[PDB]
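**Student:** Submitted below is the structure of interest, expressed as structure tokens.
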Amino acid sequence: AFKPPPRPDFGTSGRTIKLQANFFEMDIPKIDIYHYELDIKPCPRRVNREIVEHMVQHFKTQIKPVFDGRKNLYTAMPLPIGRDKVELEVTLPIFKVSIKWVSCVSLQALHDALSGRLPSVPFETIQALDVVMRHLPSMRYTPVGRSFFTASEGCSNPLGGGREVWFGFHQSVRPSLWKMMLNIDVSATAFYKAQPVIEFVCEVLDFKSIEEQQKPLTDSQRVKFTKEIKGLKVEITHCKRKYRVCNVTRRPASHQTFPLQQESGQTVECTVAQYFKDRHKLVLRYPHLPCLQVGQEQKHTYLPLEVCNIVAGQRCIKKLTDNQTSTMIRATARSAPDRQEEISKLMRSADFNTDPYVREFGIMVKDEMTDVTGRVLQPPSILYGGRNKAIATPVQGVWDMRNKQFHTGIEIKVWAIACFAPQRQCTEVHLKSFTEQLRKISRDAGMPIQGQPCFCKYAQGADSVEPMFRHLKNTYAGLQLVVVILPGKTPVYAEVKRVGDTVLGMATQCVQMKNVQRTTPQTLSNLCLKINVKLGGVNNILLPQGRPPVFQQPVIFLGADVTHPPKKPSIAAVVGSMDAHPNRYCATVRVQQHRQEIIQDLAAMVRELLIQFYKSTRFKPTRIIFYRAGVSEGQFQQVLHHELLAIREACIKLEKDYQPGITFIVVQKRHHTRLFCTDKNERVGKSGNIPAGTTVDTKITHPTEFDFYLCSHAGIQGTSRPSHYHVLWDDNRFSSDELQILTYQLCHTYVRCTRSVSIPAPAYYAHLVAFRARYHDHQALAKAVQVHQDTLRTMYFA
RNA sequence: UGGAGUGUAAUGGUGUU
RNA sequence: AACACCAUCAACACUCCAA
């Protein structure tokens with residue numbers, strides 16, 4: 001449970017399709033770079049970079065480095081130092097800096113690591129290279145999180161009010177098969193427009209000009225302007241000095257008063273306008289507008305609008321209106337070719353091969369994106385049943401149930417209707433029409449509604465939920481489903497899930513109000529999928545004969561994900577397959593320490609599933625496929641250490657000396673890796689993304705370890721995010737082709753739609769279970785997520 | 001709450017007049 | 001009570017499901 005497995009082979013299945021990734025090939029010298037520790041007493045990163053810059057130029061006689069922003073420093077060539085601390089002093093129109101030698105980061109070892117010589121890739125080297133590549137834009141651009149942003153060169157994309165659209169990019173140095181690469185992905189966000197506050201007022205209050213009004217209109221405009229400007233920074237323009245607006249004056253600049261404290265003699269009552277007239281010899285062109293209160297309320301510092309400008313680099317947090325969000329998505333999340341050309345454009349205007357800090361270390365980055373071969377895997381046949389037992393073939397990652405019926409359809413004979421929407425806006429005609437339509441779609445799907453509901457009543461208040469269901473359960477012998485019509489976002493849903501999933505173990509299905517009023521066959525169809533799954537039936541199965549050889553022996557599939565609160569316990573969810581299709585899953589959910597991604601009680605959970613598996617299959621799993629979702633790279637060593645043992649432990653304490661092969665895989669949807677079609681004809685749909693099933697396990701993947709990219713879904717909008725799979729462990733010794741095909745095939749067992757999803761069904765289900773347990777003093781709440789006896793044996797989370 | 005896709009700080013710590 | 005720094009994968013919105 002210590003070392004991750006090396007990549008066994010390279011996949012050869014599927015048709016090859018020429019691709020380009022957003023990785024940029026880097027040329028790195030064999031020189032050793034020198035690392036030094038800094039000690040600065042007592043400061044923000046920008047201040048540190050500035051201080052280091054001064055220290056660089058002011059100590060050139062004694063001693064062109066790159067800087068981390070925090071105590072960490074690197075140089076290309078060595079300098080006059082020793083292990084001894086060398087402390088000095090600098091001055092900013094006042095700091096003490098201590099430079100100490102640390103280490104010699106050899107890039108020869110990096111070439112040896114990328115090559116077959118050394119198995120391990122030195123992390124310190126990756127850190128160093130990243131610091132080098134980031135030192136310039138950390139000062140040149142506006143850093144946000146792990147990205148760098150900036151304004152627009154020519155045109156200015158506006159949003160209205162004081163906002164505008166700033167574009168940016170996220171860079172990170174990554175290792176590859178033979179050559180270090182620079183991963184870069186563009187992004188965009190909303191900053192505050194660098195304009196005079198007078199114009200900020202104009203734009204916020206919908207003024208064509210400031211001279212449209214000469215007297216303030218109302219307190220409400222003061223509140224609106226305050227709501228927009230309170231917290232922002234502004235710079236002054238009659239001296240330079242940057243200030244932070246704390247409030248807005250009620251009174252005009254001509255009447256807003258303050259204690260003048262004119263040297264000795266203390267205070268005299270003076271108005272702001274009069275102050276600017278006397279002190280700064282400035283008559284207010286617009287004395288009638290109120291003032292910005294800056295600094296401390298006790299300090300009484302006020303400023304007229306015509307001397308304040310809003311400083312740039314201020315990102316917005318305020319809510320965005322319809323036009324703002326529209327213009328945002330109408331200028332970002334563009335099609336794949338557009339994003340591609342934007343990244344190319346970015347690599348053109350950033351110009352890394354000309355920057356001095358980059359040139360200092362003799363690094364060369366390719367101005368063209370990385371060409372990668374790639375291959376599109378083959379979609380599995382989906383077997384439907386009914387009288388015809390028709391087959392559905394996924395085309396472009398999507399299929400349909402046209403002239404097809406469920407592999408195992410359930411004849412629904414007893415069901416109920418409980419509408420929580422007001423009858424005023426939800427008539428009985430709506431309910432009856434919805435019932436007819438639903439019955440038709442149901443009978444067509446292979447899950448026939450054999451007759452009218454045995455119950456149909458309006459209601460109100462969450463408090464009506466718990467009593468009623470009991471009554472409903474005791475009156476009608478053998479009811480199968482309870483349908484709950486909801487009027488939109490409501491805590492009622494949460495109570496319906498509480499009573500339904502935990503208390504009685506009754507199959508419940510909520511439907512939003514509007515979908516009862518206006519009904520489309522698609523909605524009713526997917527809804528029927530959900531119903532048929534919730535009642536223990538089987539929508540569709542993978543073609544039995546068309547499966548990887550892993551299915552030749554009893555194998556269980558596990559999915560795991562963790563969800564964290566907005567102080568409250570986090571929750572980890574682990575699901576497991578219960579047949580050999582594999583269509584049916586059972587869910588286990590636990591509560592945990594705050595924001596602890598490492599699943600603590602995993603072992604126990606696994607045990608349950610394993611036990612349940614046997615109970616459902618009368619077979620003991622010879623193999624365990626564990627899809628862990630939600631963990632990033634920096635956690636792997638930790639997670640792989642505990643959870644794998646937790647899995648293994650669960651296999652030992654259960655029966656004898658039973659140790660099946662565990663295949664620990666990590667799913668990742670959150671990463672900065674993009675893929676584009678080289679051939680224009682290979683583009684798919686309006687978004688022009690790569691075809692569903694696109695697999696890449698070369699060039700841009702890990703040099704030694706077992707990882708691969710898989711885009712298993714069709715891009716509906718924007719640019720697809722290819723799901724990343726990193727095999728942290730493999731006892732079954734899978735081949736690349738077999739495991740990739742297995743994954744892509746498990747991406748088709750999602751029962752909520754007739755489409756291929758981005759991540760495998762177990763992981764998705766785990767996410768759904770976790771997010772479901774979210775709606776449901778620590779040991780008290782620990783029993784709140786424990787679902788019902790009968791609910792356990794179902795897929796309620798769907 | 002029919003479904004899929006993709007766009008965008010909180011805490012504990014040290015410290016401050 | 002504000003303000004600095006170091007360690008740490010939920011909401012909202014849009015697109016698509018006529019010819």
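These residue numbers are counts, starting from 1, taken along the chain as shown.
If you check the header, you will see the structure was determined by X-ray crystallography, 3.8 Å.
Just so you know, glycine gets a Cβ as well, placed from its N, Cα and C.
Residues annotated as region 'Interaction with guide RNA' in Swiss-Prot: A:275-280, A:488-530, A:713-721, A:750-772. Positions annotated as region 'Interaction with GW182 family members' by Swiss-Prot: A:551-554, A:610-620. Under the heading 4-hydroxyproline, Swiss-Prot lists A:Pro660.
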**Student:** Just to be sure I understand, if DSSP states are collapsed into helix, strand and coil, how many residues of the region 'Interaction with guide RNA' (A:275-280) fall in each?
**Tutor:** 4 helix, 0 strand, 2 coil
**Student:** With 6 residues left unmodelled between A:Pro93 and A:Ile94, could you check how far apart their Cα atoms sit, in whole angstrom?
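**Tutor:** Roughly 8 Å, rounded to a whole number, separates the two Cα atoms.
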**Student:** In sequence order, what residues of the same chain, 6+ apart, have a Cβ less than 8 Å from the Cβ of A:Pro660 (4-hydroxyproline)?
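**Tutor:** When sequence neighbours closer than 6 are ignored, A:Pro660 (4-hydroxyproline) has A:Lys620, A:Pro621, A:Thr622, A:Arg623, A:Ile624, A:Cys651, A:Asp731 within Cβ distance under 8 Å.
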**Student:** Which residues of the chain, 6 or more past the ends of the region 'Interaction with guide RNA' (A:713-721), have a CB below 8 A from one of its CBs?
**Tutor:** 333-336, 339, 396-398, 669, 671, 674-675, 684-685, 687, 689-692, 747, 755-758
**Student:** Rounded to the nearest whole Å, what distance do the 21 unmodelled residues have to cover between the Cα atoms of A:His776 and A:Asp777?
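**Tutor:** The answer is 15 Å, taken between the two Cα atoms.
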**Student:** Any residues 6+ beyond the ends of the region 'Interaction with guide RNA' (A:275-280) with a Cβ under 8 Å from its own?
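**Tutor:** Same-chain contacts beyond the flanks: 238, 253, 258, 260, 304, 307.
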**Student:** Do you know the DSSP helix, strand and coil residue counts for the region 'Interaction with GW182 family members' (A:551-554)?
**Tutor:** 2 helix, 0 strand, 2 coil
**Student:** Report the DSSP secondary-structure composition of the region 'Interaction with guide RNA' (A:713-721) as helix, strand and coil residue counts.
**Tutor:** 0 helix, 0 strand, 9 coil
**Student:** To the nearest Å, how long is the straight line joining the Cα atoms of A:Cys239 and A:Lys240 across 3 unmodelled residues?
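**Tutor:** Flanking Cα atoms: 6 Å.
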